[PDB]
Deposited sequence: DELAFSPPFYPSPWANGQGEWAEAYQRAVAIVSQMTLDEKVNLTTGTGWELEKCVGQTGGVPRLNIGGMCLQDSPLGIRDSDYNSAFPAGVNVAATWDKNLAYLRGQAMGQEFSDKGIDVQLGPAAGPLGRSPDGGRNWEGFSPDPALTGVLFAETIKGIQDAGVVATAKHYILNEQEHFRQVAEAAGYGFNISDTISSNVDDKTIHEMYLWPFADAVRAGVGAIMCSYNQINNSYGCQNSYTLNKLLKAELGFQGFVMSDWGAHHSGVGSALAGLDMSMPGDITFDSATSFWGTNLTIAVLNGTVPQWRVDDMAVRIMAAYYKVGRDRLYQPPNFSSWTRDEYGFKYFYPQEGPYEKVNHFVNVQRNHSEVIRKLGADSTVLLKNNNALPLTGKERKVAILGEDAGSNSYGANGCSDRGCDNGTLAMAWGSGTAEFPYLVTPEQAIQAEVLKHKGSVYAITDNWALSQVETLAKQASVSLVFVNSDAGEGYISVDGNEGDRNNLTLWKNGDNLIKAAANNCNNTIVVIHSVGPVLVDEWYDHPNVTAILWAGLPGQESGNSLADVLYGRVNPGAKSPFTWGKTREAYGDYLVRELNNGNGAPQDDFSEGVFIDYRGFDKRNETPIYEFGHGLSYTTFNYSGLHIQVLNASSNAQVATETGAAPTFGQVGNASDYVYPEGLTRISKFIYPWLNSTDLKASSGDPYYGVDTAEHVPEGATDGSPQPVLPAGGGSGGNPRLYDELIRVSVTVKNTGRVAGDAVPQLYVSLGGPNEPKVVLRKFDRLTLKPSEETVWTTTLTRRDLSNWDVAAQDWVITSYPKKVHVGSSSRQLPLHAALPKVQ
């Protein structure tokens, strides 16, 4: 069985780079704390005990309010009067650094104004190993360079607005199946531990880890570790991924929290790099914790060094001060668990004062504008046989497909979006927000047609083919809407347990499009979906005149789409994944059956880096629509490629901050009423063992503490660490590349030039994306696009050196409009 080697001690923060000031302030405040106050920072107060999906008790004597952590990566979850933004996959489709940023900002502002201190997003894990993985749509793209950039921009947006962002899920949680034992049992499978992602060192550095190096370097304050194991060690106590990869090599200065139910030990996790336990209990409302009381005790009894808990508290405080959250603090002014104005202050046991729990704060501002725009700028025009844009003069418009219309239960009428009814604008699970409203395609397209005095109708029953066929024969244009949905594993829709059972359109989508196209010579297909779908049965139908994929556009869906169809917005989006002929063409199959008895199922990432386009190119398969493909209402020309060659070894000792006293200092204070199921830092009595309640307390302790886990002496700095996102020399710019880009068509719009390299050698992908931008050009206008290649951009990870190395194989650079349309290419000069 795959094995995860140890890396100890857990590196301590050191004020690195842009962290120096936040770090000095965190040290100054943590220095004043008692041990039980530190422990309060590291541990949630129990599932649904307070307002937010995760919440710590804070440090009231020092005026630090409890930290409120709230889903989702696309808008506030479980709340009211908030916006519902387009999914991460749509931000990937925009290929637009500035939009990613502005979406981050607009979400940070909403969260901040609810009294939320930490946003649980954005996501870049799952990266997207498998096209049918249930949560890829929360993240960005199976491409690491595209994902890493947009992930970093999103983070900076949220954090510049004064909310800690949480880069999640770290790492390799690439499928929903078997991700949690209790979940897998509810679906009929008996496993003793969760799915183990088993991945080699080179692949993890070149693909899954790379967007997290970008997040760290961009200054992300939190990381959320994952439910899966990596080589049979749990994500939230994996010393290799946490202490070595994230903290020693990438130099992360912030804090690591567990996923909810992903904390599996007290001492083991603390020593392997975890900093925060969420939601704080061992199972939801168990009234027990692996930390809380247990972490106070582990420090009192000598097993967890004081320097390790000090370091947790300094990381947590430093991320809070880094975004300036102290200056924007207010208790959460809503409840995730009820919409009532009044309620008991502690929801789960219904205890504490009966008081106001929701203030109905409308934090939407004018955010509907960025959502509408982002929706339009993420709508990929995959095919257009001169059918779009529409003019508004079409005499009779047939809107066809349940995906055009309303969810009959209301836009929020499925808990956590857990259905596929009506237009698909948000997929399902925790990566969700309550819509303030939802503009459907039916609404916006019929309003547009009426403004021109046209005739128009929507048929929204996908088995009503007789009515579809009759109307399509009468119509000047048929706009056919289809979808494919997926979501987090705890919800099953039509037997899709989170992951998609297939890549085929839901609700009779293929047959609907064939019924329309059999009867109407101007059939235009609009897809809303979490990822790619199979189009092979109808994409090349002679009456199918255009095809668009619009992802998961959030609240302004119909308007984002009408802006594109009627030419208010010239589509610039490009596909952020591959559209293959068959599911087999993508390989990377999900693990769907037990393969290790009743132990943890083993998910070997045996393809290595060869996922999505890298896998199609390696198998010489031709996609229907390649990664990077999207059309425009204008045309662009790329020409004139020019290339130009451009001109600490040890840590400190681990510090301790403040002092630890006797057990008796940490016994529950006498005047305090203990709320049921609430997790506290205190001890029932000075008897450690009886106050822990742990059946293993004090047994074999030293043989269960890996070697070096309590070593607070100076440590070596790794060859590939010593910076933020890795050694600074990785970011030296070595080669400058330029091209001329001209709009040669008749409509202003955006080009997305893409620069790929070929690093060379028998095991390397033929091409890999490195740079891109999205550039606005009026008709006939030209611009020079210039970009640089870093040392990292030209390197491979060398497992023998434990470092990035520029290999001796000759390298090439390619520039064009997609991963398959690269008319400009050159040999790169040798650089090192």
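Missing C-alpha coordinates: which residue stretches of the deposited sequence does that apply to?
No C-alpha coordinates exist for 1-2, 650-656.
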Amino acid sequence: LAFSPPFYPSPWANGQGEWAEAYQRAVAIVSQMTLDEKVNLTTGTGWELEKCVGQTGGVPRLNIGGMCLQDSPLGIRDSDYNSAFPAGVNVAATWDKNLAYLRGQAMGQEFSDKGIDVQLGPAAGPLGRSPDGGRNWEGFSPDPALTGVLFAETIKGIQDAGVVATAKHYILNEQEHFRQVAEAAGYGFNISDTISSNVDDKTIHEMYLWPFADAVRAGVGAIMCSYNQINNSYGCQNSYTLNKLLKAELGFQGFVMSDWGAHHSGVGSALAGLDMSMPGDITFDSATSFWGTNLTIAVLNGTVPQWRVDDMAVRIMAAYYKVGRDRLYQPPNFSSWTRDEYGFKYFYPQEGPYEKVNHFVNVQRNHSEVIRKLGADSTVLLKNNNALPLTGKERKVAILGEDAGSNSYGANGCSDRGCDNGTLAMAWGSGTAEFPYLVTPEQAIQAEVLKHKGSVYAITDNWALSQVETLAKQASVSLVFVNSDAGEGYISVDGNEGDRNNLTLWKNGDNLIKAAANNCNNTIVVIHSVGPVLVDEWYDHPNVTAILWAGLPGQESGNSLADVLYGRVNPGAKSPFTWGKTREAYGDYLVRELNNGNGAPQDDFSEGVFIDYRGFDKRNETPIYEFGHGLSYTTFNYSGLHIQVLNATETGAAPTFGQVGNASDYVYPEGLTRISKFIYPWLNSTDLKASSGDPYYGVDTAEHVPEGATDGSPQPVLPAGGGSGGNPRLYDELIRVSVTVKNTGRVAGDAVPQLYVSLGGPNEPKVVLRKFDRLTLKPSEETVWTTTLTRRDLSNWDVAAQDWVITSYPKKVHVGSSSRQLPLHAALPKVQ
From here on, numbers count along this sequence of modelled residues.
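Which of the two stretches, 695-703 or 128-136, shows the higher mean Cα temperature factor in the record?
In the deposited entry, the stretch with the higher C-alpha B-factor mean is 695-703.
Would you determine, from the values in the PDB entry, which of 97-105 and 468-476 has the greater average C-alpha temperature factor?
It is 468-476 that shows the higher mean C-alpha B-factor.
Out of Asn82, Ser277, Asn333, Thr649, which residue has the highest Cα temperature factor in the PDB record?
Most elevated C-alpha B-factor of the set, per the entry: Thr649.
Between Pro576, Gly580, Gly567, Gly162, which one tops the list for Cα B-factor in this entry?
Going by the entry's C-alpha B-factors, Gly580 comes out highest.
Could you say whether, by C-alpha temperature factor, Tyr457 belongs to the lowest, middle or highest third of its chain?
Middle third, going by the recorded CA B-factors of the chain.
Test of reading the entry: by CA B factor among the chain's modelled residues, which third contains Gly599?
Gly599: CA B-factor falls in the highest third of its chain.
Using the B-factors in the PDB entry, rank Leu777's C-alpha atom against the chain and give the third, lowest, middle or highest.
Middle third of the chain for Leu777's C-alpha B-factor.
Relative to the other modelled residues in the chain, which third contains the C-alpha temperature factor of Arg674: lowest, middle or highest?
For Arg674, whose C-alpha B-factor we compare with every modelled residue in the chain, the answer is the highest third.
Ordered by C-alpha B-factor within the chain, which third holds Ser819? Give me lowest, middle or highest, please.
Its C-alpha B-factor, which the entry lists for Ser819, ranks in the lowest third among residues of this chain.
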